[PDB]
Peer 1: 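Handing you this structure, nothing more for now.
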Amino acid sequence: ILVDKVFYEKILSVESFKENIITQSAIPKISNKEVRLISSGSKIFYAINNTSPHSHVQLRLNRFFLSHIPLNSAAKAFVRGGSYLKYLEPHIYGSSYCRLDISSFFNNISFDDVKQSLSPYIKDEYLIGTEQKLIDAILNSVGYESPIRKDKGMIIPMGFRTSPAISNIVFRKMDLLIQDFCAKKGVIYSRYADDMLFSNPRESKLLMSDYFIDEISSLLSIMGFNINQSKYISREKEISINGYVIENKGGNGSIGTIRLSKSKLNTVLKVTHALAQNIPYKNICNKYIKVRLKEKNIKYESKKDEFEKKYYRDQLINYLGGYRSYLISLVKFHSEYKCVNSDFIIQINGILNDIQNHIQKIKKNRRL
Amino acid sequence: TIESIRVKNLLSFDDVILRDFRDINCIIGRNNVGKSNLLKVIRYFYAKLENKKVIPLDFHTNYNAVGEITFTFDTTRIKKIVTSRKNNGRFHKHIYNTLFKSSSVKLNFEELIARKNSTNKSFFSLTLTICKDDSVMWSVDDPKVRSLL
Amino acid sequence: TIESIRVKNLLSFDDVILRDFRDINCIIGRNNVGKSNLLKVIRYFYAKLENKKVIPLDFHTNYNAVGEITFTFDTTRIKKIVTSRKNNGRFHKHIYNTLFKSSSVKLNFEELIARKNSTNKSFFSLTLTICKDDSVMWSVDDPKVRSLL
Amino acid sequence: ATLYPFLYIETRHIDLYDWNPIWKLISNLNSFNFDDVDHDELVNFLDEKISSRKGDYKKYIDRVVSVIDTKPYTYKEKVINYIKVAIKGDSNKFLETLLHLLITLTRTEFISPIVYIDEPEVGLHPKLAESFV
DNA sequence: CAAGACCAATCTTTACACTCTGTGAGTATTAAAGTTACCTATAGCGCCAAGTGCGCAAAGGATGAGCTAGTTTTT
């Protein structure tokens, strides 16, 4: 794709910035009065106003522009058809497993790297007179000058709509380099967001050596990225990643299996047990699940003891339906690839039957 | 008796998997190029199995660096034949040492008995990788296994 | 305009160098296999110059890991034509960018005046390396130079 | 024979790189006398079209002819060369082109050829054969 | 703490300039035709003006209604 002046005049900016084009005025940047500063632990999330000229431009860029630039198959995050299960699937054929993480992935993306990556797909011309270029005008809708990070200048912040696509486009080069490095060693490599998973099917201690870490660090130093030394895992014949267990006993032509730990399913089992023991829905929805109806959210008093009950029932049924959808997604993944343990399949079939029975009982009780 | 054929990033394939084969599998369609590409992939794999010098296949896209061909063989009847106490021959013992030796010495005394000797189906997986510099790599580094397969 | 052809560890060659070529060259001998191998080496080199997919040549012995083909071209006439204050054309100014330069910008003002003598010859060297994994390496990593040559 | 030509087409063992039937059909079905074209005049026209100096393409052609000396062109070869220099470009598609050209050209002439086609559906989807018909 | 290893494609080819029509020794030297040339597309619902919008979210009757929202990963 090659975006020209008319494309930005009609498609990218149909009505938001049409006033600034005929008047021959430069496109303004995003001011500090239009972005929120949500905080979560040691993380800062930037939220833009839902009614702003830049939000519509970002959505149009995401749908029409940042969806056709080719990517690398090793990236399985924020891409249509990608999933965590597809991120774990290729490593079932390996006997040794290694995991790596990138420290401050979004905060360390250089803006000039983004500009260079997006330059070939944008025509080199002046959008507004002889003062502002088309590339700069497009790029002013994705960056932000962080008041807390003025030392680093302006960066692409997490919480915007166009950040993941830009991250994938920027990191395509590093993905290609790492894949080329791993191909010669016979190591399967996959990436989800900023997490890298490496699998070795042969009997060797390459993944447990410091040489692999040094090589990955040297590769990542071209674009200024660093690894996190507190999240380095290297094991053999079994690995656990956020409750997903991948096992392979070893041997020539051996196929591993993927299952879920018991701790991964602990909350749903507790909810099912509480529901089968006739526990009030308020306690179930407040203790196990983190859903609570604050009194401030109430707008009109009207009637009191009829909306809380239906709200809690809807939240419970939505939670159960979502977890059922997750389990049947696992079942569909098994049907497509056949890399799931049989006993786990029996267990999840029983759990699905129990969940469906509980949902039917909840619906019948609500109707009565 | 092949069970699964997987092709990733080769010719006109991005990620194509064929399984559940029957005796009289029939292929129809309008895209004859796809059938020709599948035939070429199979012939290339079987030529590389027998150590023949052939031109590597092309890539669907140049934004990747690998092309993989995966084959799965159902080695169930051969395992039953070899592991029987009645058969004492050179070929049976050689087959056991080549196919079922490495994968069986890493198991304890619980999985071997009453867990893999009743109805289980044994599978053997072989992967061929083509790099960007026209280099060919195997998942198993043993020519004897490839010759026996 | 070609002077040296060198082959190391390929087919039936250990280290063979051919030079001092004349207008007419006659090849005689009872070892026709050597002539066929030389023809194959030349054709393989010129097919790799044009980016064509061909089977890599075999090694004379397996106790090595590389196979080298070296070509040397005489570029005196082209250097005299291009570097004259008489020819201002698109093709004249492109050969100096691709075939020449990157070797005169690294010289001071005393080597250039001594390199303009009427009794000087300019040479260009290309090296092709074949590895054990059927990989191809070039001494100059520029397709434009190969296309121009 | 020259009033009722016979054309035979084999579809199974067909060479797609050979266009001899097309050229024969074009040459036979013409209403122009190509012998009135002056070779010297055309050579002069081409030389004047491409020249940094008057009389340069003629010298090149003469030098080429002085060493490529062979049998002179026949009439059919000359008309084929003229058609090739006039047109802009050189299994099922070949047969369709043959049939369409035969139908189109045989509209202002009293020559009626007869064409035999063997197995037109070799290696074709049924919809492709239906579309051909 | 620094570090070799810094993507693919960006449209595709092809090709001497001069005065002399056969020959050329720059302190840093591609470019103009031809042939193409690609597609992006929409969200709650209903209504009347039929998509460029307006109203409303109580019916209904132009601003009381009433008013929830899945899992997991990255983070």
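Side chains are part of it too, since the values below use all heavy atoms of this structure and drop only hydrogens, waters and symmetry mates. In what follows, every chain begins at residue 1, and chains take the letters A, B, ... in the order their sequences are listed.
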Peer 1: Taking 4.0 Å as the cut-off, does a side-chain nitrogen or oxygen of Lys93(C) come that near to OP1 or OP2 on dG26(E)?
Peer 2: no
Peer 1: Which of these, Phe181(A), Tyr232(A), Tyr189(A), sits in a ring-ring contact (aromatic ring centres under 6.0 Å, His included) with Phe198(A)?
Peer 2: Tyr189(A)
Peer 1: Can you find a donor-acceptor N/O pair under 3.5 angstrom joining the side chain of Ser221(A) to the base of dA2(E)?
Peer 2: no
Peer 1: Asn117(C) side chain to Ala114(C) main-chain N or O, any donor-acceptor pair under 3.5 Å?
Peer 2: yes
Peer 1: In this structure, are over 12 heavy atoms from other groups packed under 6.0 Å from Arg324(A) atom CZ?
Peer 2: no
Peer 1: For atom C1', what is the distance between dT14(E) and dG4(E), given to the nearest Å?
Peer 2: 38 Å
Peer 1: Quick one: is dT19(E) close enough that its OP1 or OP2 comes under 4.0 Å of any side-chain N or O from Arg53(D)?
Peer 2: no
Peer 1: Using a 5.0 Å cut-off (strictly under), name the groove whose base atoms touch the side chain of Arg77(C).
Peer 2: major
Peer 1: If we take the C1' atom in both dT21(E) and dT27(E), what is their distance in whole Å?
Peer 2: 32 Å
Peer 1: So, is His92(C) close to the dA17(E) phosphate, meaning a side-chain N or O under 4.0 Å from OP1 or OP2?
Peer 2: no
Peer 1: Is it true that the neighbouring bases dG64(E) and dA65(E) have six-membered rings whose centres sit under 5.5 Å apart and whose planes meet at under 30°?
Peer 2: yes
Peer 1: Is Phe7(A) touching bases, backbone alone, or none of the nucleic acid, heavy atoms closer than 4.0 Å?
Peer 2: base
Peer 1: Taking atom types as modelled, is there a side-chain donor on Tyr244(A) or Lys264(A) under 3.5 Å from an acceptor on the other?
Peer 2: no
Peer 1: Just compare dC7(E), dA31(E), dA3(E) and give me whichever is closest to any side-chain atom of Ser217(A).
Peer 2: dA3(E)
Peer 1: With a cut-off of 5.5 Å for ring centres and 30° for planes, do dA33(E) and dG34(E) stack?
Peer 2: yes
Peer 1: Applying a 4.0 Å non-hydrogen cut-off, can you work out what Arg292(A) is touching in the nucleic acid: base, sugar-phosphate, or nothing?
Peer 2: nothing
Peer 1: If stacking means ring centres below 5.5 Å and interplanar angle below 30 degrees, are the neighbouring bases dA59(E) and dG60(E) stacked?
Peer 2: yes
Peer 1: If only side-chain N and O atoms of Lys59(D) are considered, is one of them under 4.0 Å from the OP1 or OP2 phosphate oxygen of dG22(E)?
Peer 2: no
Peer 1: Side chain of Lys132(B), heavy atoms from C-beta onward: which of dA31(E), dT74(E), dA8(E) has the nearest atom to it?
Peer 2: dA8(E)
Peer 1: Looking across every strand, which nucleic acid part, if any, lies under 4.0 Å from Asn226(A) by heavy atom: base, sugar-phosphate, or nothing?
Peer 2: nothing
Peer 1: By nearest atom, which of the nucleotides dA69(E), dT27(E), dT30(E) is closest to the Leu112(C) side chain?
Peer 2: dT27(E)
Peer 1: Which listed nucleotide (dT40(E), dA17(E), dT73(E)) is nearest to the side chain of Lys264(A)?
Peer 2: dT73(E)
Peer 1: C1' atom, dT72(E) versus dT63(E): distance in rounded Å?
Peer 2: 43 Å
Peer 1: Planes under 30° and centres closer than 5.5 Å, is that true for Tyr96(C) with the base of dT29(E)?
Peer 2: yes
Peer 1: Applying a 4.0 Å non-hydrogen cut-off, can you work out what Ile95(C) is touching in the nucleic acid: base, sugar-phosphate, or nothing?
Peer 2: nothing
Peer 1: So which nucleotide from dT23(E), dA8(E), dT73(E) ends up closest to the side chain of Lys86(C)?
Peer 2: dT23(E)
Peer 1: Go through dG4(E), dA65(E), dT29(E) for me and flag the one nearest to the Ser218(A) side chain.
Peer 2: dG4(E)
Peer 1: From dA15(E), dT68(E), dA5(E), pick the nucleotide closest to the side chain of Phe91(C)?
Peer 2: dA15(E)
Peer 1: Rounded to whole angstrom, note down the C1' distance from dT23(E) over to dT19(E).
Peer 2: 13 Å
Peer 1: Scan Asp195(A) against the nucleic acid and name what it touches under 4.0 Å (heavy atoms): base, sugar-phosphate only, or nothing.
Peer 2: sugar-phosphate
Peer 1: Are the six-membered base rings of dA57(E) and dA58(E) within the stacking limits, centres under 5.5 Å and planes under 30°?
Peer 2: no
Peer 1: Between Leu148(C) and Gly159(A), which is nearer to the 5' end of DNA chain E once each is assigned its nearest nucleotide?
Peer 2: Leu148(C)
Peer 1: Is the terminal nitrogen or CZ of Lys309(A) (NZ for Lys, CZ for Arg) located under 6.0 angstrom from the six-membered ring centre of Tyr281(A) and within 45° of that ring's axis?
Peer 2: no
Peer 1: Using the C1'-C2'-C3'-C4' torsion, which pucker class fits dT63(E): north or south?
Peer 2: north
Peer 1: Base, sugar-phosphate, or nothing for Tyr84(A), non-hydrogen atoms under 4.0 angstrom?
Peer 2: sugar-phosphate
Peer 1: Looking for any heavy atom pair under 4.0 Å, which part of the strands does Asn120(C) touch: base, sugar-phosphate only, or nothing?
Peer 2: base
Peer 1: What's the closest nucleotide to the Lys101(C) side chain, out of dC7(E), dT29(E), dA65(E)?
Peer 2: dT29(E)
Peer 1: Using a 4.0 Å heavy-atom cut-off across all strands, classify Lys290(A) as base, sugar-phosphate, or nothing.
Peer 2: nothing
Peer 1: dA17(E) on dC18(E): ring centres under 5.5 Å and planes under 30 degrees?
Peer 2: yes
Peer 1: Distance check, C1' atoms only: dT13(E) and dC39(E), in whole angstrom units.
Peer 2: 27 Å
Peer 1: Reckon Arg85(C) has a side-chain N or O less than 4.0 Å from the OP1 or OP2 of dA17(E)?
Peer 2: no
Peer 1: Strictly distance-based, threshold 3.5 Å: is any side-chain N or O of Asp4(A) a donor or acceptor partner for the main-chain N or O of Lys123(A)?
Peer 2: no
Peer 1: Under 4.0 Å between a side-chain N or O of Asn88(C) and OP1 or OP2 of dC16(E)?
Peer 2: no
Peer 1: Between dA17(E) and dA31(E), how far is it from one P atom to the other, in whole Å?
Peer 2: 12 Å
Peer 1: Would you call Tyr8(A) and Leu134(A) a side-chain contact if the rule is heavy atoms closer than 4.5 Å?
Peer 2: yes
Peer 1: Looking at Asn97(C), I'd like to know whether one of its side-chain N or O atoms comes within less than 4.0 Å of OP1 or OP2 on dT29(E).
Peer 2: no
Peer 1: Can you tell me, in whole Å, how much space there is between the P of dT10(E) and that of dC38(E)?
Peer 2: 10 Å
Peer 1: How about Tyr60(D) and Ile50(D): do any of their side-chain heavy atoms sit closer than 4.5 Å?
Peer 2: no
Peer 1: Mark yes or no for a side-chain to base donor-acceptor pair under 3.5 Å between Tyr192(A) and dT73(E), with no hydrogen or angle criteria applied.
Peer 2: yes
Peer 1: With a 4.0 Å heavy-atom cut-off, tell me which residues in residues 316-331 of chain A come close to DNA chain E, sorted by residue number.
Peer 2: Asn318(A), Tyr319(A), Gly322(A), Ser325(A)
Peer 1: Looking at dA41(E), does its base get a donor-acceptor pair with the side chain of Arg60(A) below 3.5 Å?
Peer 2: no
Peer 1: Using the criterion of both pairing distances under 3.5 Å for Watson-Crick and G-U wobble pairs, give all stems of 3 or more consecutive pairs involving DNA chain E.
Peer 2: E:11-14 with E:31-34, E:16-18 with E:22-24, E:44-47 with E:53-56
Peer 1: Check every atom of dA41(E), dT68(E), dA8(E) against the side chain of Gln315(A) and return the nucleotide holding the closest atom.
Peer 2: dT68(E)
Peer 1: Which part of the nucleic acid does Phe106(A) contact within heavy-atom distance under 4.0 Å: base, sugar-phosphate only, or nothing?
Peer 2: base
Peer 1: For the side chain of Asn242(A), counting heavy atoms from C-beta on, which of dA9(E), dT74(E), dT30(E) is nearest?
Peer 2: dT74(E)
Peer 1: By nearest nucleotide on DNA chain E, pick out whichever of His68(A) and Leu219(A) is the more 5' one.
Peer 2: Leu219(A)
Peer 1: From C1'-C2'-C3'-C4' alone, north or south for the sugar of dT29(E)?
Peer 2: south
Peer 1: Decide yes or no for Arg259(A) and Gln347(A): does some side-chain heavy atom of the first lie under 4.5 Å from some side-chain heavy atom of the second?
Peer 2: no
Peer 1: Tell me what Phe45(A) touches on the nucleic acid: a base, only sugar-phosphate, or nothing, going by heavy atoms under 4.0 Å.
Peer 2: base
Peer 1: Between the side chains of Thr75(C) and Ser122(C), is a donor N or O closer than 3.5 angstrom to an acceptor N or O?
Peer 2: no
Peer 1: Please give the distance between the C1' atoms of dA58(E) and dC67(E) as a whole number of Å.
Peer 2: 12 Å
Peer 1: Cut-off 3.5 Å, side chains only: do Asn88(C) and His92(C) have a donor facing an acceptor?
Peer 2: no
